[PDB]
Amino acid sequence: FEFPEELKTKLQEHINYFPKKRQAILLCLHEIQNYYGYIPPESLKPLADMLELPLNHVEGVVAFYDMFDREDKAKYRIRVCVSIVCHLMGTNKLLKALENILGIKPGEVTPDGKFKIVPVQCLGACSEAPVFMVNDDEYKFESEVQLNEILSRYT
């Protein structure tokens, strides 16, 4: 396994950013997940060598941080807040709307590997409850018609 030049250049940028190379691990993994739509198990060994860390160290970091998924490839990750304010304002209405549009429940991936619903803890946008993210973009769920239109922007 070898990282594509376009990704390897981005990883080298994060590694040369902090005063110590090992400080770039999270930025590198975020970049790997942006590129592949998940964390491919094969990417860990060349990353460990680029960070000058043992593979075991990298494995434990990937296991610890919940944003990282080494299981399911998905072009778009629909992060649905399942915490207190969003539960109070309509998480279940948002999840019902998502099941109706995409046919999937939290933890599942659409057959085309396009969308994955990821249940998450409070996203820090509680005044806009129920909150959801579609990759890096964040929105207040209003209704199924509204959510349908938002999801249509992701091709």
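Don't overthink the numbering: it's just position in the shown sequence, from 1.
Higher mean CA temperature factor, per the PDB entry, when comparing 95 to 103 with 114 to 122: 95 to 103. Averaged over Cα atoms, the B-factor as recorded in the entry is higher for 68 to 76 than for the other of 68 to 76 and 81 to 89.
Of the residues listed, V61, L55, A129, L29, the entry assigns the biggest Cα temperature factor to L55.
Out of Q146, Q23, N16, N135, the entry records its largest CA B-factor for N16.
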